[PDB]
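The data block below is input.json; it holds JSON, C-alpha atoms and all ligand atoms.
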```json
[["chain", "number", "residue", "atom", "x", "y", "z"],
["O", 25, "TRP", "CA", -16.41, -11.06, -8.52],
["O", 26, "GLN", "CA", -19.46, -9.94, -6.55],
["O", 27, "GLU", "CA", -20.67, -6.37, -6.09],
["O", 28, "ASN", "CA", -21.98, -5.44, -2.65],
["O", 29, "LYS", "CA", -23.40, -1.89, -2.80],
["O", 30, "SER", "CA", -24.38, -1.98, 0.88],
["O", 31, "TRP", "CA", -20.82, -0.93, 1.74],
["O", 32, "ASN", "CA", -21.57, 2.42, 0.11],
["O", 33, "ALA", "CA", -23.38, 3.18, 3.38],
["O", 34, "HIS", "CA", -19.99, 3.39, 5.12],
["O", 35, "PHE", "CA", -18.70, 5.93, 2.60],
["O", 36, "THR", "CA", -21.92, 7.96, 2.66],
["O", 37, "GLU", "CA", -21.84, 8.09, 6.47],
["O", 38, "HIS", "CA", -18.69, 10.22, 6.13],
["O", 39, "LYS", "CA", -19.80, 12.28, 3.11],
["O", 40, "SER", "CA", -17.19, 10.34, 1.11],
["O", 41, "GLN", "CA", -16.99, 8.24, -2.03],
["O", 42, "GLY", "CA", -14.67, 5.38, -2.79],
["O", 43, "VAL", "CA", -14.14, 1.66, -3.24],
["O", 44, "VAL", "CA", -13.19, -1.24, -1.03],
["O", 45, "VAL", "CA", -12.04, -4.48, -2.67],
["O", 46, "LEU", "CA", -11.77, -7.71, -0.69],
["O", 47, "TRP", "CA", -10.32, -11.04, -1.82],
["O", 48, "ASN", "CA", -11.00, -14.28, 0.09],
["O", 49, "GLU", "CA", -7.84, -16.31, -0.52],
["O", 50, "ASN", "CA", -9.25, -19.73, 0.48],
["O", 51, "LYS", "CA", -12.29, -19.33, -1.78],
["O", 52, "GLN", "CA", -10.61, -17.36, -4.59],
["O", 53, "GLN", "CA", -13.55, -14.94, -4.54],
["O", 54, "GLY", "CA", -13.58, -11.16, -4.68],
["O", 55, "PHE", "CA", -16.08, -8.63, -3.40],
["O", 56, "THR", "CA", -16.35, -4.87, -3.91],
["O", 57, "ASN", "CA", -18.90, -2.08, -3.60],
["O", 58, "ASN", "CA", -18.04, -0.67, -7.06],
["O", 59, "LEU", "CA", -16.79, -2.98, -9.81],
["O", 60, "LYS", "CA", -15.93, 0.02, -11.98],
["O", 61, "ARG", "CA", -13.83, 1.95, -9.47],
["O", 62, "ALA", "CA", -12.28, -1.32, -8.22],
["O", 63, "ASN", "CA", -10.59, -1.49, -11.61],
["O", 64, "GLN", "CA", -9.79, 2.23, -12.00],
["O", 65, "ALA", "CA", -6.05, 2.88, -12.03],
["O", 66, "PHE", "CA", -4.67, 5.72, -9.90],
["O", 67, "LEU", "CA", -1.28, 6.98, -8.79],
["O", 68, "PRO", "CA", -0.17, 4.63, -5.95],
["O", 69, "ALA", "CA", 1.41, 7.41, -3.85],
["O", 70, "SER", "CA", 2.94, 5.92, -0.70],
["O", 71, "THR", "CA", 1.52, 2.42, -1.33],
["O", 72, "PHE", "CA", 4.48, 2.35, -3.73],
["O", 73, "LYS", "CA", 6.68, 2.04, -0.63],
["O", 74, "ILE", "CA", 5.86, -1.70, -0.76],
["O", 75, "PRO", "CA", 7.51, -2.43, -4.14],
["O", 76, "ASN", "CA", 10.16, 0.25, -3.56],
["O", 77, "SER", "CA", 11.13, -1.44, -0.30],
["O", 78, "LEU", "CA", 11.34, -4.85, -1.95],
["O", 79, "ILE", "CA", 13.54, -3.58, -4.77],
["O", 80, "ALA", "CA", 15.79, -1.60, -2.42],
["O", 81, "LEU", "CA", 16.33, -4.69, -0.24],
["O", 82, "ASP", "CA", 16.94, -7.03, -3.16],
["O", 83, "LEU", "CA", 19.50, -4.68, -4.74],
["O", 84, "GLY", "CA", 21.26, -4.04, -1.42],
["O", 85, "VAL", "CA", 20.28, -0.36, -1.23],
["O", 86, "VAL", "CA", 18.77, -1.31, 2.13],
["O", 87, "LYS", "CA", 20.89, -3.85, 4.00],
["O", 88, "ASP", "CA", 18.32, -4.78, 6.66],
["O", 89, "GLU", "CA", 15.46, -3.35, 8.70],
["O", 90, "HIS", "CA", 17.87, -1.81, 11.25],
["O", 91, "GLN", "CA", 20.03, 0.24, 8.87],
["O", 92, "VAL", "CA", 19.73, 3.95, 9.70],
["O", 93, "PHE", "CA", 18.97, 6.52, 7.02],
["O", 94, "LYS", "CA", 20.09, 9.81, 8.51],
["O", 95, "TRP", "CA", 17.90, 12.87, 8.17],
["O", 96, "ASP", "CA", 19.25, 15.20, 5.49],
["O", 97, "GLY", "CA", 18.64, 18.22, 7.76],
["O", 98, "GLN", "CA", 15.92, 19.80, 5.62],
["O", 99, "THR", "CA", 12.91, 20.62, 7.80],
["O", 100, "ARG", "CA", 9.71, 19.33, 6.21],
["O", 101, "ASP", "CA", 6.10, 19.85, 7.26],
["O", 102, "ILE", "CA", 5.56, 16.35, 8.69],
["O", 103, "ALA", "CA", 7.54, 16.47, 11.92],
["O", 104, "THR", "CA", 8.19, 12.73, 12.14],
["O", 105, "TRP", "CA", 10.13, 12.98, 8.86],
["O", 106, "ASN", "CA", 12.67, 15.35, 10.47],
["O", 107, "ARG", "CA", 14.73, 12.61, 12.14],
["O", 108, "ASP", "CA", 16.71, 9.46, 11.36],
["O", 109, "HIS", "CA", 14.74, 6.41, 10.21],
["O", 110, "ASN", "CA", 15.09, 2.72, 9.58],
["O", 111, "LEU", "CA", 12.90, 0.66, 7.23],
["O", 112, "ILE", "CA", 10.33, -0.05, 9.97],
["O", 113, "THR", "CA", 9.87, 3.58, 10.97],
["O", 114, "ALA", "CA", 10.15, 4.88, 7.41],
["O", 115, "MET", "CA", 7.18, 2.68, 6.48],
["O", 116, "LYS", "CA", 5.26, 3.59, 9.63],
["O", 117, "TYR", "CA", 5.66, 7.36, 9.16],
["O", 118, "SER", "CA", 5.62, 7.11, 5.35],
["O", 119, "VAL", "CA", 8.88, 9.02, 5.03],
["O", 120, "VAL", "CA", 8.90, 10.15, 1.40],
["O", 121, "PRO", "CA", 12.45, 11.59, 1.22],
["O", 122, "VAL", "CA", 13.97, 8.32, 2.43],
["O", 123, "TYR", "CA", 12.21, 6.47, -0.40],
["O", 124, "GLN", "CA", 13.11, 9.15, -2.94],
["O", 125, "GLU", "CA", 16.76, 8.47, -2.18],
["O", 126, "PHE", "CA", 16.19, 4.72, -2.49],
["O", 127, "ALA", "CA", 14.68, 5.29, -5.93],
["O", 128, "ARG", "CA", 17.64, 7.39, -7.09],
["O", 129, "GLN", "CA", 20.01, 4.63, -5.99],
["O", 130, "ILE", "CA", 17.90, 1.96, -7.70],
["O", 131, "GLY", "CA", 17.82, 4.01, -10.90],
["O", 132, "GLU", "CA", 15.31, 4.10, -13.70],
["O", 133, "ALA", "CA", 16.52, 1.06, -15.67],
["O", 134, "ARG", "CA", 16.34, -1.32, -12.70],
["O", 135, "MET", "CA", 13.12, 0.23, -11.38],
["O", 136, "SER", "CA", 11.40, -0.33, -14.71],
["O", 137, "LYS", "CA", 12.65, -3.91, -15.06],
["O", 138, "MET", "CA", 11.52, -4.71, -11.52],
["O", 139, "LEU", "CA", 8.01, -3.30, -11.98],
["O", 140, "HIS", "CA", 7.66, -5.34, -15.17],
["O", 141, "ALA", "CA", 8.83, -8.44, -13.28],
["O", 142, "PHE", "CA", 6.24, -7.66, -10.57],
["O", 143, "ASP", "CA", 3.44, -7.16, -13.18],
["O", 144, "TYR", "CA", 2.78, -3.94, -11.23],
["O", 145, "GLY", "CA", -0.07, -1.79, -12.52],
["O", 146, "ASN", "CA", 0.60, -0.22, -15.89],
["O", 147, "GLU", "CA", 4.38, -0.72, -15.43],
["O", 148, "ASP", "CA", 5.04, 2.89, -16.58],
["O", 149, "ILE", "CA", 7.65, 4.83, -14.58],
["O", 150, "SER", "CA", 7.59, 7.95, -16.78],
["O", 151, "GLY", "CA", 8.43, 11.09, -14.82],
["O", 152, "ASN", "CA", 11.15, 11.81, -12.30],
["O", 153, "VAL", "CA", 12.90, 8.70, -11.01],
["O", 154, "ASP", "CA", 12.39, 10.03, -7.48],
["O", 155, "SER", "CA", 8.72, 11.04, -7.76],
["O", 156, "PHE", "CA", 6.94, 9.08, -10.54],
["O", 157, "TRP", "CA", 4.70, 7.34, -7.98],
["O", 158, "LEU", "CA", 3.56, 10.80, -6.81],
["O", 159, "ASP", "CA", 3.30, 12.80, -10.04],
["O", 160, "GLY", "CA", 4.46, 10.60, -12.94],
["O", 161, "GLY", "CA", 2.98, 7.91, -15.15],
["O", 162, "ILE", "CA", 2.54, 4.86, -12.91],
["O", 163, "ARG", "CA", -1.10, 3.82, -12.40],
["O", 164, "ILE", "CA", -2.53, 0.88, -10.47],
["O", 165, "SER", "CA", -6.08, -0.18, -9.62],
["O", 166, "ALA", "CA", -7.35, -1.66, -6.38],
["O", 167, "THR", "CA", -7.73, -5.11, -7.94],
["O", 168, "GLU", "CA", -4.18, -4.82, -9.34],
["O", 169, "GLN", "CA", -2.90, -3.99, -5.86],
["O", 170, "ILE", "CA", -4.50, -7.19, -4.63],
["O", 171, "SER", "CA", -2.84, -9.27, -7.37],
["O", 172, "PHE", "CA", 0.53, -7.83, -6.37],
["O", 173, "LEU", "CA", -0.05, -8.28, -2.64],
["O", 174, "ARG", "CA", -1.07, -11.92, -3.13],
["O", 175, "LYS", "CA", 2.30, -12.62, -4.75],
["O", 176, "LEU", "CA", 4.04, -10.90, -1.84],
["O", 177, "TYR", "CA", 2.09, -12.93, 0.70],
["O", 178, "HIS", "CA", 3.11, -16.20, -0.99],
["O", 179, "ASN", "CA", 6.77, -15.12, -1.51],
["O", 180, "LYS", "CA", 6.18, -15.38, -5.28],
["O", 181, "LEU", "CA", 7.53, -12.02, -6.44],
["O", 182, "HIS", "CA", 10.78, -11.93, -8.45],
["O", 183, "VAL", "CA", 12.94, -11.00, -5.43],
["O", 184, "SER", "CA", 14.40, -13.06, -2.61],
["O", 185, "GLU", "CA", 12.43, -14.71, 0.18],
["O", 186, "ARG", "CA", 14.35, -12.61, 2.70],
["O", 187, "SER", "CA", 13.37, -9.34, 1.01],
["O", 188, "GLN", "CA", 9.72, -10.37, 0.99],
["O", 189, "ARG", "CA", 9.79, -11.42, 4.65],
["O", 190, "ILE", "CA", 11.43, -8.13, 5.70],
["O", 191, "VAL", "CA", 8.87, -6.02, 3.83],
["O", 192, "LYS", "CA", 5.97, -8.00, 5.33],
["O", 193, "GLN", "CA", 7.47, -7.34, 8.78],
["O", 194, "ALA", "CA", 7.71, -3.64, 7.93],
["O", 195, "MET", "CA", 4.06, -3.64, 6.80],
["O", 196, "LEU", "CA", 2.91, -4.77, 10.23],
["O", 197, "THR", "CA", 0.12, -2.39, 11.26],
["O", 198, "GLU", "CA", -2.12, -4.06, 13.85],
["O", 199, "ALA", "CA", -2.28, -7.36, 15.66],
["O", 200, "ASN", "CA", -4.25, -8.91, 18.48],
["O", 201, "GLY", "CA", -5.65, -12.29, 19.32],
["O", 202, "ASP", "CA", -8.26, -12.12, 16.54],
["O", 203, "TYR", "CA", -6.30, -10.88, 13.51],
["O", 204, "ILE", "CA", -3.12, -9.41, 12.04],
["O", 205, "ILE", "CA", -3.17, -6.52, 9.55],
["O", 206, "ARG", "CA", -0.19, -5.91, 7.27],
["O", 207, "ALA", "CA", -0.78, -2.89, 5.09],
["O", 208, "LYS", "CA", 0.39, 0.44, 3.69],
["O", 209, "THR", "CA", -1.44, 3.77, 3.39],
["O", 210, "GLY", "CA", -1.21, 6.21, 0.52],
["O", 211, "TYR", "CA", -2.22, 9.81, -0.12],
["O", 212, "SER", "CA", -2.12, 11.15, -3.69],
["O", 213, "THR", "CA", -2.36, 14.97, -3.63],
["O", 214, "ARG", "CA", -0.16, 16.22, -6.47],
["O", 215, "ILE", "CA", -2.38, 15.20, -9.41],
["O", 216, "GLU", "CA", -6.16, 15.08, -9.51],
["O", 217, "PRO", "CA", -8.18, 13.34, -8.34],
["O", 218, "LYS", "CA", -6.85, 13.65, -4.76],
["O", 219, "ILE", "CA", -7.33, 10.22, -3.18],
["O", 220, "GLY", "CA", -6.38, 8.14, -0.17],
["O", 221, "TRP", "CA", -5.42, 4.45, -0.27],
["O", 222, "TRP", "CA", -5.09, 1.60, 2.17],
["O", 223, "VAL", "CA", -3.89, -1.76, 0.84],
["O", 224, "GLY", "CA", -2.82, -4.96, 2.54],
["O", 225, "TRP", "CA", -4.36, -8.03, 4.10],
["O", 226, "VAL", "CA", -5.93, -9.48, 7.24],
["O", 227, "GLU", "CA", -4.42, -12.76, 8.49],
["O", 228, "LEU", "CA", -6.81, -15.08, 10.30],
["O", 229, "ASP", "CA", -6.11, -18.50, 11.79],
["O", 230, "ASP", "CA", -7.39, -20.34, 8.70],
["O", 231, "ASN", "CA", -7.64, -17.76, 5.88],
["O", 232, "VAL", "CA", -6.30, -14.49, 4.61],
["O", 233, "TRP", "CA", -8.41, -11.64, 3.28],
["O", 234, "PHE", "CA", -6.62, -9.23, 0.96],
["O", 235, "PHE", "CA", -7.91, -5.68, 0.74],
["O", 236, "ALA", "CA", -7.37, -2.55, -1.31],
["O", 237, "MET", "CA", -9.40, 0.62, -0.89],
["O", 238, "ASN", "CA", -9.22, 4.12, -2.26],
["O", 239, "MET", "CA", -11.41, 7.14, -1.61],
["O", 240, "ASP", "CA", -11.69, 10.77, -2.61],
["O", 241, "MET", "CA", -9.54, 12.89, -0.29],
["O", 242, "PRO", "CA", -10.06, 16.62, -0.94],
["O", 243, "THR", "CA", -8.19, 17.56, 2.24],
["O", 244, "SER", "CA", -5.91, 15.83, 4.72],
["O", 245, "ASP", "CA", -8.60, 15.97, 7.46],
["O", 246, "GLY", "CA", -10.12, 12.71, 6.24],
["O", 247, "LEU", "CA", -7.01, 10.52, 6.19],
["O", 248, "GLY", "CA", -8.22, 8.43, 9.14],
["O", 249, "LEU", "CA", -11.28, 7.45, 7.11],
["O", 250, "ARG", "CA", -9.08, 5.19, 4.99],
["O", 251, "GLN", "CA", -8.73, 2.75, 7.88],
["O", 252, "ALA", "CA", -12.09, 3.47, 9.52],
["O", 253, "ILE", "CA", -14.19, 2.76, 6.40],
["O", 254, "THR", "CA", -12.18, -0.38, 5.62],
["O", 255, "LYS", "CA", -12.71, -1.66, 9.16],
["O", 256, "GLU", "CA", -16.48, -1.05, 8.88],
["O", 257, "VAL", "CA", -16.50, -3.29, 5.79],
["O", 258, "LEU", "CA", -14.31, -5.92, 7.45],
["O", 259, "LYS", "CA", -16.63, -5.92, 10.47],
["O", 260, "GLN", "CA", -19.74, -6.18, 8.27],
["O", 261, "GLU", "CA", -18.23, -9.20, 6.51],
["O", 262, "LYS", "CA", -17.35, -10.84, 9.84],
["O", 263, "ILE", "CA", -13.64, -10.83, 9.02],
["O", 264, "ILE", "CA", -12.82, -8.91, 12.20],
["O", 265, "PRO", "CA", -15.08, -8.79, 15.30],
["T", 1, "LIG", "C1", 1.52, 9.69, 5.98],
["T", 1, "LIG", "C2", 0.89, 9.63, 4.83],
["T", 1, "LIG", "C3", -0.12, 8.52, 4.57],
["T", 1, "LIG", "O1", -0.48, 7.76, 5.51],
["T", 1, "LIG", "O2", -0.62, 8.42, 3.41],
["T", 1, "LIG", "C4", 1.16, 10.65, 3.71],
["T", 1, "LIG", "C5", 1.15, 12.08, 4.28],
["T", 1, "LIG", "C6", 2.51, 10.34, 3.12],
["T", 1, "LIG", "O3", 2.49, 8.99, 2.60],
["T", 1, "LIG", "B1", 2.21, 9.08, 1.24],
["T", 1, "LIG", "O4", 1.02, 8.52, 0.91],
["T", 1, "LIG", "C7", 2.72, 10.47, 0.81],
["T", 1, "LIG", "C8", 2.96, 11.04, -0.46],
["T", 1, "LIG", "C9", 3.38, 12.35, -0.51],
["T", 1, "LIG", "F1", 3.64, 12.95, -1.72],
["T", 1, "LIG", "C10", 3.52, 13.08, 0.64],
["T", 1, "LIG", "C11", 3.27, 12.52, 1.87],
["T", 1, "LIG", "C12", 2.84, 11.19, 1.94]]
```

Step by step, read the file and then write its structure as structure tokens.
Amino acid sequence: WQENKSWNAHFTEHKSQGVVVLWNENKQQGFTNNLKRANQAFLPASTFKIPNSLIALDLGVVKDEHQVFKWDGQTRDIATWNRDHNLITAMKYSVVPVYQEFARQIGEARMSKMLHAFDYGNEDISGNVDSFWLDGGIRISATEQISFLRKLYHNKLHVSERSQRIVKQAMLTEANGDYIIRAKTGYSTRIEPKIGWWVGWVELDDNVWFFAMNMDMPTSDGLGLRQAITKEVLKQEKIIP
């Protein structure tokens, strides 16, 4: 691991504090601006939609990426949640109530066994089966997110190849002729410290760069900084133009 404190400039530019962790897959080398915070374990919030999706698909709770999960008719504050979703749109709009229902169907015994099989964070699902990743016991660090994502990239998690391919499709965030980003955002507001996450990877022609960042997020106004700050680091490191 190498520490690169120069990336703190990108946080300071926005009156923010946080960590970005990068992993160069070809070279098996990691870089971060803060070795301590890189290994600090936090609630995953909606980054948990990655493992939750994989488990739901492997147990048949989700049949495929086209299956429609009808809105339950309860009007919630995020307007895009107040409609029917499939796996692609539920990931895109981070539709908590869809994933809460998945978790109830999975159940606590299978959820716990799956997170142990995935070596996921502290493997502790204490709390409500349908909210432990928001206000229960599960904690994961940025470097732990990378370990998990590397297994997903290589189809090495303890679920089917199909489930892993479908979730990677559903993680698609950005693509152009220079790179592909597959990732998931998170926003942990229920338990201090309030933080934002962005975790995933950048596919290049001849390498993949895994990333996991989190940052203090005292209000929702800064959510776009999750991606912006990460992209400043990726640009500095010549991973994206
Ligand atoms: C869209 C989001 C994101 O891009 O983060 C957020 C708002 C969403 O996704 B999660 O992180 C999560 C958790 C909650 F308890 C409530 C809402 C969300």

note = Using only C-alpha atoms, the best pick from O:46, O:62, O:181, O:191 as closest to residue 81 (chain O) would be O:191

Select the residues contacting ligand LIG 1 (chain T) at a distance of at most 6 Å, based on all atoms listed in the file, then format the selection as a PDB file with C-alpha atoms, keeping the file's coordinate frame.
```
ATOM      1  CA  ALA O  69       1.410   7.410  -3.850  1.00  0.00           C
ATOM      2  CA  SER O  70       2.940   5.920  -0.700  1.00  0.00           C
ATOM      3  CA  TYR O 117       5.660   7.360   9.160  1.00  0.00           C
ATOM      4  CA  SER O 118       5.620   7.110   5.350  1.00  0.00           C
ATOM      5  CA  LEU O 158       3.560  10.800  -6.810  1.00  0.00           C
ATOM      6  CA  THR O 209      -1.440   3.770   3.390  1.00  0.00           C
ATOM      7  CA  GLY O 210      -1.210   6.210   0.520  1.00  0.00           C
ATOM      8  CA  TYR O 211      -2.220   9.810  -0.120  1.00  0.00           C
TER       9      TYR O 211
END
```

request  = Excluding residue 248 (chain O) and any residue of its chain fewer than 4 positions from it, enumerate the residues within 12 Å of it, using only C-alpha atoms, and give them as a ChimeraX atom specification.
outcome  = /O:38,209-211,220-222,239,241,243-244,252-255

query = In Å, how far is it from CA of residue 58 (chain O) to CA of residue 29 (chain O)?
reply = 7.0 Å

message = I'd like the neighbourhood of residue 35 (chain O) as an NGL selection string, where a residue qualifies if any of its atoms comes within 12 Å (using all atoms listed in the file), though same-chain residues fewer than 2 positions away should be ignored.
response = :O and (29-33 or 37-44 or 57-58 or 237-241 or 246 or 249-257)

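When all atoms listed in the file are used to measure the gap to residue 147 (chain O), the shortest distance among O:134, O:34, O:163, O:178 belongs to O:163.
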